[PDB]
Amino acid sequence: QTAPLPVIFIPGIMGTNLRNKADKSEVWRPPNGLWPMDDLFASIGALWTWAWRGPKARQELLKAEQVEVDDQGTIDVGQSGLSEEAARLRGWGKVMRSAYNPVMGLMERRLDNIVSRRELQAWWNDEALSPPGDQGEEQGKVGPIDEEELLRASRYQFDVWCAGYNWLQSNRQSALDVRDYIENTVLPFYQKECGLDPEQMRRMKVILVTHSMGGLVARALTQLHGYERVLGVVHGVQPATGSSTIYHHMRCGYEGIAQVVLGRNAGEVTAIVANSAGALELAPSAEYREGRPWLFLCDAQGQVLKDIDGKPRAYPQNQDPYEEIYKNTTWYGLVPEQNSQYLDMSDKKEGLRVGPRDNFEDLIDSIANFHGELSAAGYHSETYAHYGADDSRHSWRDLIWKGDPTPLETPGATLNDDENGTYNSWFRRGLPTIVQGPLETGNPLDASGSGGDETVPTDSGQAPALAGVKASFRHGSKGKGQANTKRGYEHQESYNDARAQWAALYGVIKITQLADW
């Protein structure tokens, strides 16, 4: 030694602090929701970055091309053994503290303490040795960690670096930014610190550990470019094929329980999300749910309605959510006509250089192309994935409009919803209303994809397993194993659950067996 082996943590949805690129003021520093109002300074952060920003201001300030990562957030070094200054250099102040600092510090201390004085240290000597099946592993290929493997792993010095990224921009571009971070910040630290010559540098490898949409960033990085620098990948709660929740949020606002939000009604969320490639890329792909519908128009009895051709109003009907839902401007579309006003609030359409709908449709075509490339390119060959699959977290998995669409669909349709989930008003009743699933009468093929982790339906969480990744841990009620009996974890806080932590450390140990030395 030294034989450094950097662990690069890539955060997820809305997970990285942002500042305005020109003026450097803070524009994003989560959490910004009504939950959890449990910390005074946290609430100041939300007031300053979000609460006092008007709708037009928010649309201007949360603009992908006009923001950049802000590494000056608060840091909880916990039991990592790092000074705040060191953790700051490692970028830990780039990301939501409660969601990510604990797991980064845990991995740091655990990986810095595998073997001492020819004994396995705490946790590694018992908990780590669990049969993967006990932890909900479903592929059945990988085996338990053994003493050899830990001794081998202990020969390396692991350090956790935090690859925060501009989540508003396309994950395609964020992959490039993460590459630059590794090649231009992380590795040069070791070049200087360890006095490494260029060959030694070239031989260095890193391990990615991702949360949520950070997994799409990672796949873009390793699968759409030649980036052999990455030895292996751990994914936690990746929405591999997207999430129907984006439809709920764009049509209804985020729910009051959400820690991180982009608005409390349709117009607020739509104003930001519909202009952001990174945000829109969370939308379900054509392959989501194996091409089956997720958006259901049902009657008062919960039965799926019939369209003009007598076919079920269950969308997508022909495996094209982009045209059938996302660009559809009718009442059930992602951005119905009533919500066009939110696409660009800067001025009346007339004097603008770009039409709001022109921009939006091109952005949808862009995500369709990115989705398609990612699907074809698959997953790193050494991928260890874990996800929350629990039927006690409905996760908007079935997006259901329940009610009578008739009055909405007569020629010259003008009816508007309340931007919070219903067309019912003082003036009209029995009309379509978004209601919690699951669907009354389900497709038997849909059984395995129900529930989720609140944000990622199991449909999407289990996609990596279906695509044949090396290891996949199905956590929660829909999985198995004696160490997997607790209720499945929630998305935002997943890395604070013992199972997510176990699966991450397990992945790192297994991937490390591939390291040369």
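From 1 onward, residues are counted along the sequence shown.
- Mean CA B-factor, 322 to 330 versus 208 to 216: the higher value falls on 322 to 330.
- The PDB entry reports B-factors from which the mean C-alpha value can be compared for 74 to 82 and 180 to 188; the larger average falls on 74 to 82.
- As recorded in the PDB entry, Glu409 shows the highest C-alpha B-factor of the residues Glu148, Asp365, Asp159, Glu409.
- Looking only at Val234, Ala300, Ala175, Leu231, the residue with the top Cα B factor in the deposited structure is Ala300.
- When the modelled residues of the chain are ordered by their C-alpha B factor, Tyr342 lands in the lowest third.
- For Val27, the recorded CA B-factor ranks within the lowest third of the chain. Only modelled residues enter the ranking.
- For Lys349, the recorded CA temperature factor ranks within the highest third of the chain's modelled residues.
- Annotation for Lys402: C-alpha temperature factor in the highest third relative to the rest of the modelled chain, per the entry.
- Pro36 sits in the highest third of its chain by CA B factor, as recorded in the PDB entry.
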